[PDB]
Amino acid sequence: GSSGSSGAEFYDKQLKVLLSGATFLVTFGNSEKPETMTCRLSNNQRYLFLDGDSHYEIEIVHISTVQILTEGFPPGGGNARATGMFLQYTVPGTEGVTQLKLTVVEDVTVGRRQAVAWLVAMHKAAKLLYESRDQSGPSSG
């Protein structure tokens with residue numbers, strides 16, 4: 007078996023799925039109704055972008071907490087069961103914290119495979135981003 011040279015092929019297989027961008031339902035604190043938006047990662051998966059009614063962007067550097075909203079008990083065997091998403095972040099200027107929710111659209115062409123795959127993928131990375139460092143060198147170790 008080979009350890010590796012750079013990155014984790016496993017985590018890399020998702021990098022493509024994340025960037026691709028999946029459709030979800032974004033709900034703003036003010037808006038009570040879900041709106042169809044697009045969630046994708048940046049070139050260096052170091053920032054999140056949004057496209058829709060307006061130009062929105064959620065910097066991962068600001069994001070504090072990031073968890074996935076699970077309906078409940080798993081329908082089948084063991085998998086990345088995920089129907090929704092929960093992310094927390096603060097904006098410079100306002101007062102308090104802003105959270106963003108992402109759900110799977112109930113349209114004919116949504117791509118449950120890609121969508122559900124994106125959610126899990128995001129969290130997965132969001133874990134290494136904190137649990138560990140991105141670049142090995144500048145660390146204070």
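Those letters in the sequence shown? Residues 7 to 147, per the numbering used here, in order. Every residue, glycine too, gets a C-beta built ideally from N, C-alpha and C.
Assign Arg-46 to one of three DSSP states: helix, strand, or coil.
Taking the sequence shown and counting its residues from 1, the one referred to as residue 46 is at position 40. Note: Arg-46 maps to strand in three-state DSSP.
In the DSSP assignment, find the alpha helix (DSSP H) that holds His-129 and state where it starts and stops.
The residue given as residue 129 occupies position 123 in the sequence shown. Where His-129 is concerned, the enclosing alpha helix (DSSP H) stretches over 118-137.
Could you tell me if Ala-86 is buried or exposed, where buried requires 16 or more neighbouring beta carbons within 10 angstroms of its beta carbon?
Against the sequence shown, residue 86 aligns to sequence position 80. The residue in question, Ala-86, is exposed, as its Cβ has fewer than 16 Cβ neighbours within 10 Å.
Test item: CB-CB of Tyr-17 and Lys-130 under 8 Å:
Within the sequence shown, numbered from 1, the residue matching residue 17 stands at position 11. Within the sequence shown, numbered from 1, the residue matching residue 130 stands at position 124. Yes, they are a contact pair.
Excluding the 5 residues flanking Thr-109 on each side, which residues of the same chain have their C-beta closer than 7 Å to its C-beta?
For the purposes of this step, residue 109 is identified with residue 103 of the sequence shown, where counting begins at 1. Cβ within range, chain order: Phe-30, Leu-31, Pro-40, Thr-89, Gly-90.
Which runs of the beta strand (DSSP E), 3 residues or longer, sit entirely within the region 68-119?
Unbroken beta strand (DSSP E) stretches of 3 residues or longer found wholly inside the region 68-119: 92-95, 104-109, given in chain order.
Using only the alpha-carbon positions, how far apart do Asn-49 and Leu-75 sit?
Translated into positions along the sequence shown, residue 49 becomes position 43. Translated into positions along the sequence shown, residue 75 becomes position 69. Taking the straight line joining both Cα atoms gives about 26 Å.
Going by C-alpha distance, which of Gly-13, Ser-8, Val-126 is nearest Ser-138?
To locate residue 138, count along the sequence shown from 1; it is residue 132. Nearest C-alpha to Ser-138: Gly-13.
If you follow the beta strand (DSSP E) that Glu-63 is part of, which residue opens it and which one closes it?
Stepping through the sequence shown from its first residue, residue 63 is reached at position 57. 61-65 is the extent of the beta strand (DSSP E) around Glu-63.
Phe-55 - DSSP class collapsed to helix/strand/coil:
The residue you call residue 55 lines up with position 49 of the sequence shown. Three-state result, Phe-55: strand.
Rounded C-alpha distance that separates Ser-146 from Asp-140
Working through the sequence shown from its first residue, we reach residue 146 at position 140. Working through the sequence shown from its first residue, we reach residue 140 at position 134. Their Cα atoms are separated by approximately 13 Å.
Beta-carbon proximity check, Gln-94 vs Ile-69, cutoff 8 Å:
As a first step, residue 94 must be located in the sequence shown, where it is residue number 88. As a first step, residue 69 must be located in the sequence shown, where it is residue number 63. A contact, by the Cβ cut-off of 8 Å.
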